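Single-structure report; data block below.
By convention in this document, chain letters (A, B, ...) are assigned in the order of the sequence lines, proteins followed by strands, and residues within each chain are numbered from 1.
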Amino acid sequence: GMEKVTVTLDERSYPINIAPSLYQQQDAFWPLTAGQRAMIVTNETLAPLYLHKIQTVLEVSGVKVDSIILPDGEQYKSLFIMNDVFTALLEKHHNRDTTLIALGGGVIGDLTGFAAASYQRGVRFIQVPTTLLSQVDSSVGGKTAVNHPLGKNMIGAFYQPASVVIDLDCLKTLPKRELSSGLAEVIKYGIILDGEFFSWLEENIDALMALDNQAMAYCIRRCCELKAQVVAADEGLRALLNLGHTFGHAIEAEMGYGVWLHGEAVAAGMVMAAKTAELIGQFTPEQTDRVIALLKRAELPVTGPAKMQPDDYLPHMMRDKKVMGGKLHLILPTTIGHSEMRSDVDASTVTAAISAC
Amino acid sequence: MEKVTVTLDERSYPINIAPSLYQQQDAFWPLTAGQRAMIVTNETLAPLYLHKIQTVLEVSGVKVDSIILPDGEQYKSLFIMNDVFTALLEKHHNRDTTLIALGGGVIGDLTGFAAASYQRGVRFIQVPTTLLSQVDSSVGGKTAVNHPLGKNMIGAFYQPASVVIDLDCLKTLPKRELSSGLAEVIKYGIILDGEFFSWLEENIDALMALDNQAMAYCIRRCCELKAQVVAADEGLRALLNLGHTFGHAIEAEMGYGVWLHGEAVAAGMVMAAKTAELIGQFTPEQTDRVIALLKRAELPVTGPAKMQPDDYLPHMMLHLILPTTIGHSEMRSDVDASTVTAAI
Ligand SMILES: NC(=O)c1ccc[n+]([C@@H]2O[C@H](COP(=O)([O-])OP(=O)(O)OC[C@H]3O[C@@H](n4cnc5c(N)ncnc54)[C@H](O)[C@@H]3O)[C@@H](O)[C@H]2O)c1
Ligand SMILES: NC(=O)c1ccc[n+]([C@@H]2O[C@H](COP(=O)([O-])OP(=O)(O)OC[C@H]3O[C@@H](n4cnc5c(N)ncnc54)[C@H](O)[C@@H]3O)[C@@H](O)[C@H]2O)c1
Ligand SMILES: O=C(CCc1ccc(O)c(O)c1)O[C@@H]1C[C@@](O)(C(=O)O)C[C@@H](O)[C@@H]1O
Ligand SMILES: O=C(CCc1ccc(O)c(O)c1)O[C@@H]1C[C@@](O)(C(=O)O)C[C@@H](O)[C@@H]1O
Ligand SMILES: [Mg+2]
Ligand SMILES: [Mg+2]
């Protein structure tokens, strides 16, 4: 009934529990125990939906609960917004034994994680992700960060949670465009690391799009296992997680944020990366049709913006524009389920990949 | 020239102590030709030692930027640290850069937390210019900035790649700060090293005169001693707050800048010694060697008459560090409130 993944990285270990109505289970927010305190960090969108339920379930178990409601937005993933959490913790005399609870998506997840890393140089930290993206991505790897006006995720810390609480019910309220955005990263795991999971996704995508409890539970479980594996082997293998992200960054940068969701840009970037793998001679068009066909059924774009031409991509795709830079490093699939980093690929290869679509 | 190698958290870094160290060849190792460096300092230290290190560094093939912050504890803030990030990004410093903390404990703490947080961690070299930061901030990995509702409440544990202690920089340090640092030097002798305390009884006059050879061993020994007790807490380490509970009370009641931290701790150490005899843990004769050595360092031995004992306890709220001998110490859980006022 309950899926469970144990993650052991950077010499610590935490569980990821996945089940519908998990917010109500007995010891759902372990290792929080009766008598301890907790500070829930959430945003203005999620607060009316889930804060009160989470607060009462914790108080039922003997936890003393405070909360802080931040504004909703990537533009609020700032050092100055995170300061407000420190104020809330201090006004309520939260000491080093408190637990910070990230009730929200990846934005709340990153900001609350860095707050838990920094408050008194480190307090306990429990993740409650409410987007599919953050459930299969933010739950593993320890990366926390806020943005700087001159660069995204340039201020943060490596910091692992004590546990991850994934109640599938919270997906019922998630905008359907966000759910497909998350599914782009789900499909990415199939292409770079597990061909059988990709095949499983070919046969259950419709159930996931319908929010089937049993299919969604296994999906999140397997993606967490796959990211945990590729992080445990690395700590440059973790770079394989940027499949479709170089092409996707160009789309996100050139179109402006919020216009294309991150997952939407990654979906078309994975197609373009599959097309770059064919051009070099490592991928078949039939393999590319399986990627295109599965993203189409996730209601994800498979071609880039009409507004953009191949020369709009390359400025964003380069590591830098320095004289000795200007290099294109890509992650390319070798099979469905296998991938490689490929350094210095021709601009002509890239252009052709983009033009083919 | 003294050297301490400290190994904590399965990592290792050196502390080099020598006069004219800023001009030495690889004094700012592991920085090498082709790499970048960002120096963080305050307005006081910039005219004195910036540009000198910059010239030693640029001659050695490293490309150098710097940022000069105002001098003061009030600038150990999250908003000031953001400006460090702004400077690094404006100059396109990537994850391979190195932050250089050229300053006292304030610059050290802020730059350390900036290096811990910038791209989730970049290299970080300490150049402490106060005696306090040489014997305290150079070991233990604590970095932080302040919050208005609490000092050092936003930070990270983050070890430096090296600590570069040029003894020449002490020549410009105000004598009140040098005496303030010596209170913490004396702290190590009382809580963990009796032989060092005796060494201090015979060399205090050399340290006050900035004798290179005495200062080099002094700084070396204090670093070794804290490195030991930091490695032990992996359960002691509370002993380094001897006289700091009393010291906070004086600092809190009188205000910043009026009493320097070491002066507050020095007079607080006496009060802890007199309470240690009151409960029966110290002899009255031993307390005179603590008082006599601090007086010869030009440190206060009496808490100001401007506060009554009843002013002290409100901040102290019972969980104290008290000396057992000169060279050994203990934390004692529940001590009477009446005992502390009787010490005054
Ligand atoms: N390794 C990592 O740490 C990691 C990994 C991936 C992404 N991230 C970061 O995550 C952030 C984006 O993640 P995201 O996809 O969650 O975006 P998001 O946090 O902004 O959430 C998307 C939108 O949907 C709303 N929402 C969230 N849950 C909802 C729910 N149950 N019901 C209704 N609405 C809900 C949110 O309020 C928000 O408006 C990025 O900043 C990214 O840098 C970090
Ligand atoms: N575990 C740790 O990391 C640790 C340890 C001890 C103290 N601290 C923190 O450090 C701060 C206090 O450190 P501090 O005692 O060095 O105070 P400080 O950094 O403010 O320096 C003392 C004063 O003397 C000036 N000065 C420093 N070096 C000079 C030099 N060579 N020449 C001329 N002037 C010089 C400084 O500009 C400053 O005004 C506190 O915030 C404390 O919390 C941290
Ligand atoms: O932020 C990123 C990299 C963004 C990026 C920008 C431009 C590029 O050319 C690129 O290859 C990646 O990825 C996120 C972190 C992630 O790489 C991890 O957890 O290690 C997973 C990924 O899904 C996230 O989007
Ligand atoms: O914890 C502290 C803060 C000093 C303090 C302030 C107020 C108090 O009431 C107190 O008991 C200690 O000590 C600092 C950190 C240190 O313990 C370490 O590096 O581990 C060394 C010590 O010298 C610092 O002052
Ligand atoms: Mg991604
Ligand atoms: Mg101190």
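Neither the backbone nor the side chain of A/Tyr159 has a heavy atom closer than 4.5 Å to any heavy atom of chain B. Heavy-atom distances place both the backbone and the side chain of A/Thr87 under 4.5 Å from chain B. Looking at A/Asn153, both its backbone and its side chain come within 4.5 Å of chain B, counting heavy atoms on both sides.
Contact between A/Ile155 and B/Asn82 at its shortest, heavy atoms only, is CD1-OD1, 4.4 Å. Considering every non-hydrogen atom in both A/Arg121 and B/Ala144, the closest pair reads NH2-CB, 3.6 Å.
More than 12 heavy atoms of other residues, nucleotides or ligands shown are found within 6.0 angstrom of CZ on A/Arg12. For A/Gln229, the CD atom counts as loosely surrounded, since its 6.0 Å shell holds 12 or fewer non-hydrogen atoms of other residues, nucleotides or ligands. When the shell of 6.0 Å around NE2 of B/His315 is examined, it contains more than 12 heavy atoms from other residues, nucleotides or ligands. Other residues, nucleotides and ligands contribute at most 12 non-hydrogen atoms within 6.0 Å of the CD atom of A/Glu235.
Ring orientation note: the planes of B/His147 and A/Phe86 are nearly perpendicular, at an angle over 60° on the 30°/60° scale.
Ranked by heavy-atom pairs under 4.5 Å with chain B, the first of A/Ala117, A/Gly151, A/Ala157, A/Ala115 is A/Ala157.
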* **Evaluation steps, side-chain contact (heavy atoms from CB on, under 4.5 Å), between A/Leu89 and B/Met153** => CA-CA 10 Å; A/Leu89 286 162; B/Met153 297 277 306; over 6 Å; no

